[PDB]
Amino acid sequence: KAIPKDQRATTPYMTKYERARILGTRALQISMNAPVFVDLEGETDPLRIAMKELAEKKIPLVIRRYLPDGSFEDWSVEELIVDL
Amino acid sequence: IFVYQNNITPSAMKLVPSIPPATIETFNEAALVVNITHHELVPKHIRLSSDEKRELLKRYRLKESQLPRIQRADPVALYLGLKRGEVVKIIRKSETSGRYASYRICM
Amino acid sequence: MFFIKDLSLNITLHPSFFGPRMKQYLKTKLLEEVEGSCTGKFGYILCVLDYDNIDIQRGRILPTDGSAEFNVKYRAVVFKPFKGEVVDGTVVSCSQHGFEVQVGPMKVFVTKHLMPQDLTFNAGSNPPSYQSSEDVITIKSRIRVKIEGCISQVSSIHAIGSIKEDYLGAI
Amino acid sequence: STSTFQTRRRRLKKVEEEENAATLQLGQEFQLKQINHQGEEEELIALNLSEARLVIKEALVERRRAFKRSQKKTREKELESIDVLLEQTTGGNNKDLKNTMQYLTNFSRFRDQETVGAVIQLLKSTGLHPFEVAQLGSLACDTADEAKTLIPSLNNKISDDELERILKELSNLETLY
Amino acid sequence: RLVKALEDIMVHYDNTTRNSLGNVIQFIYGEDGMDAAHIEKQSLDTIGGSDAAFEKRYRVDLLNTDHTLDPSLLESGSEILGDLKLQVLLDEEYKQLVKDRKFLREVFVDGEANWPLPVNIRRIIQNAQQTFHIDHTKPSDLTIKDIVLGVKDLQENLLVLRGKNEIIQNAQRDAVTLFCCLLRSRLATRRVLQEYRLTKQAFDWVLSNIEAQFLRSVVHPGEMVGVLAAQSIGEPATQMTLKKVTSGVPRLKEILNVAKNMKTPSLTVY
Amino acid sequence: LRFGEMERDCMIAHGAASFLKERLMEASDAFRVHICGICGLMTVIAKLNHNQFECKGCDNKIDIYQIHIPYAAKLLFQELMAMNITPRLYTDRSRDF
Amino acid sequence: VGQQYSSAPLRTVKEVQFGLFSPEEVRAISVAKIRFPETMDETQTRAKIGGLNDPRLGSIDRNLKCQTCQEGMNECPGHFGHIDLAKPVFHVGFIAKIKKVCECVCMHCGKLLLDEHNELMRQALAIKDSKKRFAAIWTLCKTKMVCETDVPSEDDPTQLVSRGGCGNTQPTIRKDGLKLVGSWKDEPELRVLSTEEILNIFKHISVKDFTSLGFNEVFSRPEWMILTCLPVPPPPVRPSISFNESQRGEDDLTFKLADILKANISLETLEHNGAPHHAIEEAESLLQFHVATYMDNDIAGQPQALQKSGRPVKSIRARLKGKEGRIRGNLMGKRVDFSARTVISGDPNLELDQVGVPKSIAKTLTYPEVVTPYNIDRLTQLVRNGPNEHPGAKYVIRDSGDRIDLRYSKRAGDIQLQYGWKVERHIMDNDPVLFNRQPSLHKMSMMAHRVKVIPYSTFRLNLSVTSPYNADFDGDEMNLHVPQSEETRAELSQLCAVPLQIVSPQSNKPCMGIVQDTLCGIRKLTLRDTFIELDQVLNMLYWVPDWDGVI
Amino acid sequence: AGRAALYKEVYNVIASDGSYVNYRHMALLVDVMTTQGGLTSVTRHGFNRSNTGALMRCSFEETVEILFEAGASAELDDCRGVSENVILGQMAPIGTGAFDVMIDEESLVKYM
DNA sequence: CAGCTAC
RNA sequence: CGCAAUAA
DNA sequence: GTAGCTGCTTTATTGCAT
Ligand SMILES: [Mg+2]
Ligand SMILES: [Zn+2]
Ligand SMILES: [Zn+2]
Ligand SMILES: [Zn+2]
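Residue numbers (the authors' numbering), protein chains in the order written: chain U, 72 to 155; chain X, 109 to 215; chain B, 1 to 171; chain F, 4 to 76, 118 to 221; chain G, 840 to 1081, 1092 to 1119; chain V, 1128 to 1224; chain W, 2 to 186, 195 to 560; chain Z, 1343 to 1454.
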């Protein structure tokens, strides 16, 4: 089906896994010579960078939250609130 | 409803399901000396319309099966006289947060 | 005969190219693989129409290594012959076994036996040929054939056609 | 490879693969009933030579355009004008489309996107299962027989006189060279 | 066994507890949707204690010289006395604090007032205490309306299940209900001003945190509860090195089996 | 060293998905086999050199996927096949739900 | 991970369709006829005969060949073969069901013994559930043993309506070893139900009757539970064990087949030769045996068929049987690479989350890092550093899926690294690691610690993190697992890091705390009676790393 | 009311030992057993025979037997189960993998 | 050898 | 390959 | 009322013999 960027119910905040994962995923890419979206103020470690990309919410990723029925929701690192 | 005392005949009872729509139930006298519903341990349940149910269902994005069930002959089940399909909403107390809404479809 | 079928394709992109001009490299590579392709079920893939509106949708990331998988939905123009299909084209090579006519990107071949008898294979000809009472068939001579059978090989479909029925000669 | 908006379900037994005969028995992937990207149902898209040359030429060009919006930051006469548009927006290893534009440009039966316009609106009023439509278009015919024979699917889908008129109207719109 | 018996049971993004069939097992993990780790034994004062003492503590009477907030506490003290439109909330509140009393004593027949509950409202205040060096002398600056209302708001946000319809929103109230009592218990007008002198600031802070700290204490869709809970039981199951009723390890066994003839049968009739 | 069941459970509890999968795969079995997109089988006479793919009896060379699973998996299956049971491998669900 | 680029696409399994093999598919698939019993020896000439083993199936001797399929050994999964039995045989495990089925359908015709005409039957044909339907069905029609031709419809018991014919009586069937027998009942008429017979009765069972009885028209046709053609698993399922050159090594299974084969040939050579009719059925029972065993050898009818040496013989069933076996043994839990184990000993000098790893091990284990302009230097150093000094590395792998062995490669002190190259290096301080102590029965049994290379051979963990592992030092050991992919560690460090597990979601209370010395001491250190003078109160302050420097 | 007792007991068991467990768990378990219908034993006789996948139930006690009648009854497995993927070598829909990640072309240009 | 289903 | 030990 | 069935904590370390 899908689901409108409106009408979604899932938590407005990022699951500790999402975050935990997002970073990993990005780091992995970063580490594979992907494009860096922040000023590596000296920083040379990927998962370090990620923690940074993710803190300026400059990560170009989208979390696809699935539902017990198959329908899903779509959130962007940008949107999602990173409390934790 | 039919409150038999000690029993009904295996010949008798063989005519309870022979006249539908209308349906008939059999209850033992001794089996109704006390109300089970009244028991400390038992939480009150409630029936649902083919609306409230079809609602509950759509509202949780559920198929019929995925729902928790209650025995057709369950003590409470007969007290309210369910039907292979109707849904019961059980609202009981909780040491984690006052109340807790739970449902049981019937098999 | 030539059709416009709606296809899709899933290309895996390395995190490298996760730049800004990505939408582009996706397209760009789509074409590197599609345009010029050939399948028995789609036949000859010739050209991707409407370049600017190719759908990439959100691509997902394959866990283990950034590589993102996008499902490029699109539309292009193709042509895959059929049997009993009649089309004409420029002859190319010719031999004691027949001549081959080039119908579009494809090539259909005619057997000395699939043509009429009053047409003999002229040997001492230059370039090689076949001759009727009033006709002469060779190289750039234009024919119109009937595609008898097709055989989808590698990345090129072939067929054999006859010019024995009526209305199937030169022009 | 490449897929197609048409998820046919495979039930282990891979056998029912008819055969291809211009008995309008085109391989499943070409039923007069195929599916559009929008998930919509859309009539098979039969393209007749020369009407194709335009579809390609156009999109092939307009590509050259967006292939430059990103750079700031007569018969034998079209042979040359095409070799150009090709070695600019094509691959060059796509030696087919080179050959296709040759053939297509050569045996074309038209020139105008207007001529080919009415050509279509004309044939397009029979009920002919798209593959015919295309054939009657890209094939030069005289008697209703030349047609009914080289396009055997017809036979009972039109009275010779009609397919005749229609066959005449074609020998007209048929722009010169 | 308990492992393979609940592997696949996890919290879904809808906040429901299911398995590899989507079969609901708990609509709200743990009947409250909280992550175990974010809970501490709190005490619902609104429950234990004498009827007398209760009234004393939480009762506010703006129509009495002996039951009104002494103006030494609230800044707008005197100018409030008698104010009838305010005593409507003070009674609207006190009435609630009592529906609470009855409510708790209806679930915890026992009287035990200490229970595991998200958000440590106890400490959260203490911090506020010495974070604004508030002195147990000067007056507040919170309208009675400030307090009683901000509390009523705080609630509205403690969102467990988020939903946009009726059924769902209903669950919200359900899933929360208890926590609230605790909240309304530690945030009654009297208590707030008399016991822990709070400035308008202090309060607005305490309120804020209770929230944000609550919203942290939610469960995270992804938590493989089943396995977790599975272990949590068969863990202190190994630490068991062993009124004369079948008990301990064999007892537990007896249970998980759904065994007919249990060694001890017993049956306590009152 | 061994990462037996006990260990697994724990990780599944942690939610450490990738990591778990990684211990099970890269640091162990991890094998790449081919399939008849149709009859979920290992057959696929893949010649990864000339690209040819076949799987006659099903007769293909067109619908063929390659998958990554444990060598102890290919095995589990082959063993079931030798006991005459068809463990079909489908790269896409249809039954839905 | 299997080396060699495959142009084929790449997806992950989504569904698993279980079915039974059709005696023809077996043929379809098979690449080897498999008529000879022998392993091979083309007249002792070491190789393989078109009989068994690579009669085209996979191969041995480190040789590409595999019906051109090349690839050789690692990369060429198995290539199935088959073998044509003389007569039909059951399926050691399906015997249970093939029986229960016959009691539901009649022989001679092949139709149910309960139509929608009977009511108790309908309810059964309504219970949607491939198992419970075929559960009730059987429970019902196992009684009626007369395949009636007429029954009193849903109208009057005065109008006996008609259906299928042949009311022939049906024998109650009983099991005996590997065959089914039933009495037809003045006095009993017991006879052996021939497989060929049963097989047929089944074939003629209705297509919609399949269905009604938990079966499938395309995947599991009752008529398949009886084996006609036999799928012959290729080498890698029954690998050899050749000692050098001129020595055997044949697997257990490879014999069972060998047996099955021989036992088969004997049958055929009796059907097209001196056939003492029922002195042959005396040898057909042998094939029903071996091919029974080959799959299952833990039956009730004892005869274990021990391989000459009184040794049991591992049936395929035995290879999958729980614990220590394929499923629970090799798939639900495997042995891993990048793992170490030693003696653990406490140490009041490593913050909770740390874990001392003996330099010996930091040099053994590795982590695959990808040459990036962020460390293109740090690595070149490690690379050239050799794999013996501590901070070093032992492998550099280039794009061209080829590994340079840093300890022998005549280029050790060379190598210009290439952006995109992978350089496996030594574990260095602060690489997250999963460190745990079995039995792992807590979520906290395994945790992520910061790695700290240290002299002496022992994992030196902090004390306070000891009670969650349920460990101590009376000679206890522990396991250490080194993550491998960037995203991996991330999972450990972000969800498994010890500093996290500090509060237990099983007791909503911390699961670590102060113990032993530090505990007993923090009491004596407390006491009103306890005072400390300058010199010390000074050194003590210094020991707290985060001392604001304010005496 | 049955649940209540089932839970009540399980509780009194872990409680006579002193140890403290948080409702939720015993509750969950006590539930898993309760939902279905009546009492579902945490045994090969109970839970491990219900409509779950095959491969899953397969990795616990009856294994081969379970499998045998998997293809016998043409069963189908969702591969929704933890065990499922573990056996297959895929990321199980659990925590880390209970959702997907995607490079959203758009935002990937708005960022520069 | 239970503890429990199947005959 | 099965036995026997032995650690915690 | 009697008979048949499947499982048994986790890793590790060593000797062993044919
Ligand atoms: Mg110890
Ligand atoms: Zn196949
Ligand atoms: Zn091979
Ligand atoms: Zn019959």
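Don't be surprised by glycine CBs; every beta carbon is placed ideally from N, CA and C.
Could you pull out every residue in the same chain whose Cβ sits closer than 8 Å to the Cβ of residue 334 of chain W, ignoring the five residues on either side in sequence? Position 325 of the seventh sequence, counted from the start, is the residue given in the question as residue 334 of chain W. Counting only residues of its own chain and dropping the five nearest sequence neighbours on each side, residue 334 of chain W has a CB closer than 8 Å to the CB of 327 and 328.
Would you verify that the beta carbon of residue 41 of chain B is, or is not, closer than 7 Å to some beta carbon of chain Z? Counting from one through the third sequence, the residue named residue 41 of chain B turns up at place 41. Chain Z, which has no Cβ nearer than 7 Å to the Cβ of residue 41 of chain B, makes this no.
On the premise that residue 58 of chain W lies in contact with residue 239 of chain W, defined as a C-beta separation below 8 Å, what is that separation, rounded to the nearest angstrom? Translated into the one-based positions of the seventh sequence, residue 239 of chain W becomes position 230. Translated into the one-based positions of the seventh sequence, residue 58 of chain W becomes position 57. Taking a contact as a CB-CB distance under 8 Å, the pair residue 239 of chain W and residue 58 of chain W does not count as one, their CB atoms being some 14 Å apart.
To the nearest angstrom, how far is the alpha carbon of residue 548 of chain W from that of residue 495 of chain W? The residue labelled residue 548 of chain W in the question sits at position 539 within the seventh sequence. The residue labelled residue 495 of chain W in the question sits at position 486 within the seventh sequence. Cα-Cα distance, rounded: 41 Å.
Can you name the residues of chain U whose CB is closer than 7 Å to the CB of residue 1142 of chain V? Within the sixth sequence, the letter at position 15 stands for residue 1142 of chain V. Simply 88.
Euclidean distance between Cα positions of residue 141 of chain F and residue 29 of chain B: For the purposes of this step, residue 141 of chain F is taken as the residue at position 97 of the fourth sequence. For the purposes of this step, residue 29 of chain B is taken as the residue at position 29 of the third sequence. Distance between the alpha carbons of residue 141 of chain F and residue 29 of chain B is about 17 Å.
Okay, do the segment 1389 to 1400 of chain Z and the segment 1419 to 1431 of chain Z touch, 3+ Cβ pairs below 8 Å being the bar? yes
Considering Cα atoms alone, identify which of U/141, U/87 and U/149 is closest to residue 1444 of chain Z. Your numbering for residue 1444 of chain Z matches position 102 in the eighth sequence. Ranking the options by Cα distance to residue 1444 of chain Z, first place goes to U/149.
I'd like to confirm the pairing. Which residues does DSSP put opposite residue 158 of chain B in its beta bridges? For the purposes of this step, residue 158 of chain B is taken as the residue at position 158 of the third sequence. Per DSSP, B/107 and B/151.
DSSP three-state call for residue 443 of chain W: helix, strand or coil? Sequence index remark: in the seventh sequence, residue 443 of chain W carries index 434 (1-based). In the structure shown, residue 443 of chain W sits in a strand (DSSP, three-state: E or B).
Extent of the continuous beta strand (DSSP E) to which residue 98 of chain B belongs: Indexing the third sequence from 1 puts residue 98 of chain B at position 98. For residue 98 of chain B, the enclosing beta strand (DSSP E) has its first and last residue at 98 to 102.
Is residue 77 of chain W near ligand 3, going by C-beta to nearest heavy atom under 6 Å? Taking the first residue of the seventh sequence as 1, we reach residue 77 of chain W at position 76. Correct: residue 77 of chain W has its Cβ closer than 6 Å to ligand 3.
By the 7 Å beta-carbon criterion, what residues does the segment 158 to 179 of chain F contribute toward chain B? For the segment 158 to 179 of chain F, which is checked against every Cβ of chain B, the residues closer than 7 Å are 175, 178 and 179.
Who pairs with residue 1474 of chain Z in a beta bridge, going by DSSP? In the structure as shown, chain Z begins at 1343 and stops at 1454. Residue 1474 of chain Z is therefore absent and cannot be evaluated.
Name the residue from W/483, W/278 and W/261 whose alpha carbon lies nearest to the alpha carbon of residue 244 of chain W. Counted from its first residue, the seventh sequence places residue 244 of chain W at position 235. The residue with the shortest Cα to Cα distance from residue 244 of chain W is W/261.
Expressed to the nearest angstrom, what Euclidean distance is found between the alpha-carbon atoms of residue 1450 of chain Z and residue 1428 of chain Z? Locating residue 1450 of chain Z in the eighth sequence gives position 108, counting from the first residue. Locating residue 1428 of chain Z in the eighth sequence gives position 86, counting from the first residue. Rounded to whole angstroms, residue 1450 of chain Z to residue 1428 of chain Z spans 34 Å at the Cα level.
Can you check whether the C-beta of residue 123 of chain X is within less than 7 Å of a C-beta belonging to chain Z? Against the second sequence, residue 123 of chain X aligns to sequence position 15. Taking Cβ atoms only, chain Z never reaches closer than 7 Å to residue 123 of chain X, which makes this a no.
Are there three or more Cβ pairs, one per stretch, closer than 8 Å when the segment 925 to 934 of chain G is compared with the segment 998 to 1013 of chain G? no
Whole-Å CB distance - residue 461 of chain W paired with residue 364 of chain W, under 8 Å assumed: Mapped onto the seventh sequence, residue 461 of chain W falls at position 452. Mapped onto the seventh sequence, residue 364 of chain W falls at position 355. Contact holds; Cβ gap of about 7 Å.
Using the beta-carbon of each residue, which ones in chain U are nearer than 7 Å to residue 1420 of chain Z? Locating residue 1420 of chain Z in the eighth sequence gives position 78, where the first residue counts as 1. By Cβ distance, chain U contributes nothing, its closest Cβ being about 11 Å from residue 1420 of chain Z, past 7 Å.
Any Cβ of chain Z within less than 7 Å of the Cβ of residue 145 of chain X? By one-based count along the second sequence, residue 145 of chain X stands at place 37. So no, residue 145 of chain X is outside the interface.
If you measure from the beta carbon of residue 167 of chain X to each beta carbon in chain U, is any gap under 7 Å? Walking along the second sequence from the start, residue 167 of chain X turns up at place 59. Not an interface residue.
Is there at least one Cβ from chain Z nearer than 7 Å to residue 149 of chain X's Cβ? For the purposes of this step, residue 149 of chain X is taken as residue 41 along the second sequence, with counting starting at 1. Judged by the 7 Å Cβ criterion, residue 149 of chain X is in contact with chain Z.
Using a C-beta cutoff of 7 Å, does residue 1067 of chain G count as contacting chain V? Within the fifth sequence, residue 1067 of chain G is the residue found at index 228, counting from 1. With 7 Å as the cut-off, residue 1067 of chain G counts as an interface residue toward chain V.
Are the CB atoms of residue 956 of chain G and residue 1018 of chain G nearer to each other than 7 Å? As a first step, residue 956 of chain G is located in the fifth sequence; it is residue number 117 there, counting from the start. As a first step, residue 1018 of chain G is located in the fifth sequence; it is residue number 179 there, counting from the start. Cβ distance < 7 Å, so residue 956 of chain G and residue 1018 of chain G count as in contact.
Buried or exposed, going by whether 16 or more other CB atoms sit within 10 Å of the CB of residue 1373 of chain Z? Translated into the one-based positions of the eighth sequence, residue 1373 of chain Z becomes position 31. Buried, by the Cβ-count rule.
Give every residue of the same chain whose Cβ lies closer than 6 Å to the Cβ of residue 254 of chain W, excluding the five residues on either side of it in the sequence, and list them in chain order. Taking the seventh sequence and counting its residues from 1, the one referred to as residue 254 of chain W is at position 245. Cβ within range, chain order: n/a, list empty.
DSSP state of residue 37 of chain F, grouped into three classes? As a first step, residue 37 of chain F is located in the fourth sequence; it is residue number 34 there, counting from the start. In this structure, residue 37 of chain F counts as strand in the three-state DSSP scheme.
What does residue 16 of chain W pair with, by DSSP beta-bridge criteria? Counting from 1 along the seventh sequence, the entry for residue 16 of chain W is found at position 15. The partner list for residue 16 of chain W (beta bridge, DSSP) reads V/1217.
Distance cut-off 6 Å: residue 1168 of chain V Cβ against heavy atoms of ligand 2: The count along the sixth sequence starts at 1 and reaches residue 1168 of chain V at position 41. Residue 1168 of chain V: yes, Cβ under 6 Å from ligand 2.
According to DSSP, residue 955 of chain G sits in a beta bridge with which residue or residues? For the purposes of this step, residue 955 of chain G is identified with residue 116 of the fifth sequence, where counting begins at 1. According to DSSP, residue 955 of chain G bridges with G/880.
Going along the chain, which residues of the segment 494 to 517 of chain W sit with their C-beta nearer than 8 Å to a C-beta in chain B? 494 and 496
Beta-carbon separation of residue 1162 of chain V and residue 1216 of chain V under 7 Å? Sequence index remark: in the sixth sequence, residue 1162 of chain V carries index 35 (1-based). Sequence index remark: in the sixth sequence, residue 1216 of chain V carries index 89 (1-based). Closer than 7 Å, so yes.
Residue 379 of chain W versus chain U: which residues are under 7 Å apart at the beta carbon? As a position in the seventh sequence, residue 379 of chain W is number 370, starting the count at 1. Those are 102 and 103, listed as they occur along chain U.
What is the residue span of the beta strand (DSSP E) that residue 187 of chain X lies within? The sequence position of residue 187 of chain X within the second sequence is 79, counting from 1. Here residue 187 of chain X belongs to no beta strand (DSSP E); instead the alpha helix (DSSP H) covers 183 to 188.
Could you spell out the range, first to last residue, of the beta strand (DSSP E) harbouring residue 363 of chain W? What you label residue 363 of chain W is simply residue 354 of the seventh sequence in a count that begins at 1. Looking at the DSSP string, the run of the beta strand (DSSP E) that includes residue 363 of chain W is 363 to 367.
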